[PDB]
């Protein structure tokens, strides 16, 4: 049931594919690998998420095992796989003597401890007597080769397994893991986009005395919340950054300052049409899925309608995998298209040249190859099993839980830029952020027709559940936390939207200090950065905070795109203030680093190592050593995405 060795064996599984994924990138790969393993060798594969089983009986698995693992924080596994991680990292010598395995790890050489989770896992497994088949995969998200790195690894590993298991190959064909059935009418027990089953009429939400919706909210059960206040934070005519405030009072959701909110999106309507159209699918088509065996888990709530699945369940937007092309060879519209497809599916460069570079979505790519010709010979089941599941997007809460107990503010820079290849094509946009903007404009009664909103969304949702600008959401507890003692000095470094956590930190300290109106607040310094003065987040708030925190606060701003001047980064300002900074560090100061800006984590860490190197007059190595210590002792925290 939860005993891995037992489940494999009880379902006569030939192969075991395991995956530890947060954002669901490994999940998707693991699944692709399984489908190909079944298409080519007919093997009865089990594709399990390492968080739904108890690997104590791992050494009793009579089948070869593939492990897809991602990396987060210090080279470590993704929360929600901590169990799996512990089993593996606390495995004694000769504890996995029977385990034959191969693994593909996902990473980003932009971080330190690049793919350190897969690396760590591999180090323990071998040591626990487990033999590794084929090369250790290593996807580099930083270099944007993740998908190709897989393709490469995948092919080699398949030759490794063809041998080890003496498998006879066969032209690869699709084999649904479900029993696709087409219903005739919609019920209160059938979904139309509802986040989870609990929100279907036939089910009852679990409230309490005063109706407060209860239950634990997470990836399996969100909490539809109403954005009670929105506003634009920028003032540029190109970029946009929305500030959204969610009212969580209607539930029993508590959150700590420095946590994360996960927003569950819905595809933009213009993109939903495109998908439906190129495949010639009927939105209304009611269908249902029946797992063809115990280990198969239905992807979303069913029954449901095809349009409800393409608008709420599948990630119909994003980079097209070459492997997806290779999988569509079967269902190619005509012979000429079936041809172009076969070539692109094998030539890495051609695929990048004809597809990747143009920023195509699946719909677009397919339309491109077919010149409009519809792929009406593709089964919804294929799509359900071939298009990545939609996933929630995380945000760093910018509100303090001390002064906003049940209100969560979210600072979200909008992802919407012009296609660099096709000047005439629609901008490359991001689902969730442009969604939040739509709600920001709508809610604020702005003639959207005027604005530069690239797309729009169903703002009523499933059975008007999202009625009144509400979205599925849930809090993800983190370890980004202000020092226990208020007296402790604090150093916060966050460029762009990376200030979101610190807004809260500051609001938290400002709130606390007024809860005394005694306590002297240790020094707090925030190093902010942004292009110009149009993208200066909460510019008007900071001065107001400084009044209340007096000489306990200090903000240091760097701009990188001011006309007629040198480009300035926070790590530049750190060295300018290397004495104030070095002193604080010698005072038990805590160092917080948050933001995106690829290479900003390493850069900032490297500036600190230098501030330390110079300060204590030590080598650059000793200094990086001291910095690794701060990161282990929790004095140096990071929230870099």
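Numbering follows the first chain given and starts at 1.
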Handout entry: Count class of deposited residues lacking coordinates, residue 517 to residue 518
Key = 4 to 9
Practice task
Output the stretch having the higher mean C-alpha B factor in the entry; the candidates are 505-513 and 202-210.
Solution key: 202-210
Handout entry: Mean C-alpha temperature factor, higher of 357-365 and 212-220
Key = 212-220
Problem - 155, 259, 336, 148, ranked by C-alpha B-factor: the highest one - result: 336
Completion exercise
Entry record, C-alpha B-factors for 532, 90, 244, 267; the maximum is at 90
Fill in the blank from the handout: Chain thirds by Cα B factor, record data; residue 572 belongs to the lowest
Handout entry: residue 623 CA temperature factor, ranked by third within the chain
Key = highest
Problem - Third of the chain, ranked by Cα B-factor, where residue 597 sits - result: highest
Fill in the blank from the handout: Tertile call for residue 52 (CA temperature factor, within chain, third-based) is the highest
Exercise for the section: Please rank the C-alpha B-factors of the chain's modelled residues and tell me whether residue 640 sits in the lowest, middle or highest third. Expected result: lowest
